[PDB]
Every structure is written in C-alpha cells, then in structure tokens.
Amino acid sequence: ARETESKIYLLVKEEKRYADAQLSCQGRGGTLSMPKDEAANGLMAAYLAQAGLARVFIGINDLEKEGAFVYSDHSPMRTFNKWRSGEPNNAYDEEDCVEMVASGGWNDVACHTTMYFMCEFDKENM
C-alpha cells in the first residue's frame, strides 16, 4: 500500500471493468483513487510502476456528460490535470473512463476495458 497523512492508496491486482473496480473500492471502504494534486498523482504513478505495471484504472470519468470529467466522488475536474498530449480524445466515441500509465499521465479509455485498479481510502473512515 501507500499511506499519506490523510489517505491510504491500495493497488488491487484483479482485472476488472471500471464499474466493477469502483464497486470493489466502495466495498473496501473507499473509492477509485482521485489524483487531485501532484503529490497524489506522482505517488499513484510510482506505486503502479514499482509493481511492474504499465497502467491501472483510476477514479476519473466522463460517463454522465460527454467531455465533462469528474472524479469518483463526482466532483468536477479542476485546473490540475495530467492528460497526455491530445487527451482526453474520446477515441471512436467510446472512451469514458481513465487509465494512469507508468509515467503518471492520464488517458481516457473504453470503460469495458479490463485492467488492475487503484483504490483510495480516507483515514478518518478507516
């Protein structure tokens, strides 16, 4: 795991679709991880890369309104982002969920893709 002053991050090495990944994180007491700042973002990227992975699902999506991205707590995307160049490109009009790659950058992908995923937990809830 990884643990900051306020959050715990957990990499779950089970291949799931985005929605199953989110429900798994919720049942574990949290949510898909939400990189809202540089510290959290780099921490998640270092974690998945240390585990030998190329990508994981994180908690960002534009499922409800195309092009309106939100975190897994439904709060909106703010000024901070780590989109790779040209992303989010809604490729083939079917990309509504977000992967983080080992560099730390973000790419939108189809939500019916399967991959490992990262949860985040608030320590006041744990």
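Start at 1 and count along the sequence shown; that's the residue number.
Task: Comparing 45 to 53 with 84 to 92, the one whose average Cα B-factor in the PDB entry is higher - done: Here the higher of the two C-alpha B-factor means belongs to 45 to 53.
Task: Stretch with the greater mean C-alpha B-factor as recorded in the entry, comparing 71 to 79 against 96 to 104 - done: Result of the comparison: 71 to 79.
Open item on the list: Lowest, middle or highest third: which one holds residue 118 when the chain's residues are ordered by CA B-factor from the entry?
Closed with: As the PDB entry reports it, the C-alpha B-factor of residue 118 lands in the lowest third of its chain.
Task: CA B-factor ranking of residue 12, expressed as a third of its chain - done: CA B-factor rank for residue 12: highest third.
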